[PDB]
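# Chains, contacts and geometry: an overview
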Amino acid sequence: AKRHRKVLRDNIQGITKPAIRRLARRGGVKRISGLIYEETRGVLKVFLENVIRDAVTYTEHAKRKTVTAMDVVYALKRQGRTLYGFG
Amino acid sequence: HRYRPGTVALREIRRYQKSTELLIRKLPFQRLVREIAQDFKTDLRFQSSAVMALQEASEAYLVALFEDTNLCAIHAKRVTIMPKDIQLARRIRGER
Amino acid sequence: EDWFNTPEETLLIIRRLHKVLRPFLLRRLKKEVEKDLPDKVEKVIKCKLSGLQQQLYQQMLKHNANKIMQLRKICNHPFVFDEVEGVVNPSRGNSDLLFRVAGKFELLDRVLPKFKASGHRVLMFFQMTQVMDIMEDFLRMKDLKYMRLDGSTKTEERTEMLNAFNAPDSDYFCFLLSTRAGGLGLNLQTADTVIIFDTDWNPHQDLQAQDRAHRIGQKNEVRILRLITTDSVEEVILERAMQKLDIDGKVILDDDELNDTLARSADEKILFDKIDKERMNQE
Amino acid sequence: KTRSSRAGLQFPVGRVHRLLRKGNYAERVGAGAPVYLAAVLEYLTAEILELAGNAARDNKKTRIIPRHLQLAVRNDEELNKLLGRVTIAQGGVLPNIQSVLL
Amino acid sequence: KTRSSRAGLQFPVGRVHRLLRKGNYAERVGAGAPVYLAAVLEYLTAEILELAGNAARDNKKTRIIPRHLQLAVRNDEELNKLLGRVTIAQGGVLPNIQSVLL
Amino acid sequence: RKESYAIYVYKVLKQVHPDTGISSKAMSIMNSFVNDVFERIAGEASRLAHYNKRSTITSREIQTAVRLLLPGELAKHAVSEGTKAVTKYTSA
DNA sequence: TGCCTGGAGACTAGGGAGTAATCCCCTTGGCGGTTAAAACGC
DNA sequence: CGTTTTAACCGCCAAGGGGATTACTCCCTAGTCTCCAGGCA
């Protein structure tokens, strides 16, 4: 269209099909169905929602407005999954 | 010169399991993190280390879930992961 | 650092800097080398924004709760998100309210007939990129041939566009150029009209873009107008740019009014009498 | 005269004792608890560093990287059981292709 | 005069304050924090007992038994997600028939 | 200042391998691992002394903590070394 | 129902927390240019 | 696998806003002593 490009791509579509494909290949999957993408996108969205909620609560308890790395480390440590190499 | 399906898949599997590179681009994941955090609180800043740790944790969880669903699919005598495979993996792990 | 940034003190520091800098920088003016400048021309025209954006500026319900960039985008033109078109004009075509939502587009509509009748090619310098697409859509609505250039648009197409513009009988009477992407990349010896858009916090690039209309050998009187909104962020930004220019000085809508601003002679007012009559009929 | 030399260790006994005191784990802390904890910590660190050095020498590398740490902690079943719930940044996953996919 | 009466709760704020003091959770404890925690505990027990009484009335029983508590915990999704890892004596969770194994 | 376990891990590495070095990322990972193990053992000993209604963290508490956290061989050798260290601390 | 110890009230003070003053560094938003990566089709 | 497209990565421009600091204040809670009634047998 000459008037405008009219691009409304959603932000959740940032993780594209080859990214999920590489993740599955790293996980050890040979052949991948076509419906895996939406499912893993929803799973990633739920996980990020939980972790971000925990980190936001942690950083709001300290009255700070910047989400630091230690906040995410504590949020991950709360859910029984400790991450190393960041603090 | 074309190859029969399955061999390039195995080559890519070997390449990715050997290396430790990030399989998700930085800017899309950062934008998604910011969008998801907008729902909890507006006008929030983010350090690069924070989004990097988020990306690392997400990739680790995703590859663990992919290994689990691959095992579940192999249990079904198949070589194709399906949505129900991931659902069963999440139900057995308890993080549903 | 302590003494250089001090500008008694400004006079002494400037005297020492001149005494020590004289063998470094050479600078000459057009009025001294060629003396072929028809006028000192420089113009700022003010306008007002629709109440729909004035309410948002006054209330800041979604801003005070990025703010500067969003305010500049709003002041530039509306219809920057799909919801705006979906609410105002679901057809997303060229229709009413396109040239009324902002004073910049009202002025553009009022002055386009004079550019068409007079034949003076107009270069419009822009800071934002979506504003360039909105201007392209508006010019398509106006059935006016124009040139579109932007940063990293194409490697070789820029040369073809420059060659086409340089044609002695080109049928394009306007071109849109990004301010940051200018870089003196075009020798504008066939145009005399310049439009300045978004405020460009860096006066260096503003002056660089404005100076394009004064190439050596130009025969037509140059007219450069900068469109600034009032009672908004744009006015404050213009004031800050003026303060920056004053600091650098120490180291470095009526038909008759628009006619007087744009006409070079009484014959141009005679020609624009028809445009004025058409504007009166439309009003 | 530092207590680490008396005990024969390389870890700071005083720092460990201070962390145990100001950590509010209890109201009193004995004198054998800091040296014992430092001994356990230095033993674990020595084991992990030895495994990482062996892994790096196998990969003809003279500088330990997170990949070598991941390989060393996942090869040994004991540390794998200990740090099973702990992910390591820039460590990836060990290469393991199934027989039905080869 | 008890501070719980002033606050309006039935749980003893003094007992919670003493437990937080001698529990070695911090070096000092506030005055409103024990009341807050007692109110949270009171609300939680109120919800649990309400759901247990509803389950008992549904089963036509005049007393609360561990089966009623288990049913009340497993029925509500909120408490199920909260109490997912804890197991309770007198087990069994949910009578349900599978539509695929008829 | 900013305290860390960098120099101690570096000395242990140079005492176990004199040739192979260590990077900053691996050093931070090792420091985080040391902190995690320290906090685990500290919490274990604290709750153990609390379960016995005690208030003095001693060698027995840390020994029970490491026997509970470290599984199998990783426990045994450790406590042995621990005992050894304790004995040496009684020597001087 | 009877008994008592944990709970409560009054007084003292000091140290951790609240608040003001100061500043720079990390972040946010945007644009240029290049190109390896993403999209569409058989 | 190909061909067409395009958004990600490295590089630059600008700004201002919390995250750091230090200094002063201040009042909340830790005691210590004296009653006493809610909780226990």
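Conventions and cut-offs
Residues numbered from 1 in each chain as written, not as in the entry; some residues may be left out. Chains lettered and ligands numbered in written order. Part of a larger assembly, values for the part shown. Heavy atoms only, no water. Residues with missing side-chain atoms left out of burial classes, pairs and counts. Helix = DSSP H or I, 4+ residues; strand = E, 2+ residues; numbered from the N terminus. Rg over C-alpha atoms; globule rule 2.2 N^0.38 Å. Buried < 20%, exposed > 50% of the residue type's maximum accessible area, 1.4 Å probe, protein only. Contact = heavy atoms within 4.5 Å. Areas by Shrake-Rupley, 256 points an atom, 1.4 Å probe, with all protein chains shown as cover. Nonpolar A, V, L, I, M, F, W, Y, C, P; charged D, E, K, R; others polar. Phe/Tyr/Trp six-rings, centres within 6.5 Å; stacked < 30°, edge-to-face > 60°. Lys NZ or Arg CZ within 6 Å of the ring centre and 35° of its normal. Pairing = 2+ DSSP bridges.

cryo-EM is the method the PDB entry states for this structure, with the resolution given as 15 Å.

### So, the overall build of chain F
Counting secondary structure elements, chain F contains four helices and two strands. Ordered by position in the sequence, the α and β elements of chain F form the string α-β-α-β-α-α. Relative to a compact globule of 92 residues, whose C-alpha radius of gyration would be 12 Å, chain F shows 16 Å and is clearly more extended. Expressed as lengths along the three principal axes of its C-alpha atoms, the size of chain F is roughly 45 × 30 × 30 Å. For chain F, buried positions account for 42% of its 92 residues. Once local pairs closer than 6 in sequence are excluded, the contacts in chain F between residues at least 24 apart make up 26%. In the form shown here, chain F has an accessible surface area of approximately 5,200 Å², with 50% of it arising from carbon and sulfur atoms.

### Things to note about the interface of chain D and chain F
With 55 residues of chain D at the interface, the matching set in chain F holds 56 residues. Among the elements of the structure, α1 (3-7), α2 (13-22), β1 (28-29), α3 (32-58), β2 (63-64), α4 (66-75), α5 (77-82) and β3 (86-88) of chain D are those that each provide at least two residues to the side of chain D that touches chain F. The biggest single contributor to the side of chain D that touches chain F is α3(D), with 18 residues. Tallied by class, the residues present in the side of chain D that touches chain F amount to 33 nonpolar, 10 polar and 12 charged.

### Some words on the packing of aromatic side chains
The interplanar angle of 35° and the centroid separation of 6.3 Å between the aromatic rings of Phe11(D) and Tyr8(F) together place this pair among those described as tilted. Pair noted here: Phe11(D) is in the loop between α1 and α2 and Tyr8(F) is in helix α1 (residues 6-16), and the two residues belong to different chains. Of the aromatic side chains, those joined through ring pairs into one cluster are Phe11(D), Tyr5(F) and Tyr8(F). Residue placement shows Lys25(F) over the ring face of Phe86(A); its charged tip is 5.6 Å from the ring centre.

### Points about the sheet that holds strand β2 (residues 122-126) of chain C
Residue and element names in this part refer to chain C. One open sheet accounts for six strands, arranged β1-β6-β5-β2-β4-β3; its pairing is parallel. Two strands lie at the open edges of the sheet, namely β1 (43-47) and β3 (147-148), each paired on one side alone. As paired elements, β2 and strand β5 (residues 193-196) share four bridges and run parallel to each other. Considered in β5, the bridge of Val 122 is made with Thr 193.

### Re the arrangement of the chains
The interface with the highest contact count, out of 10 pairs of chains in contact, is the one between chains D and F. There is no contact between chain C and chain F; across them, the least C-alpha separation is 30 Å.

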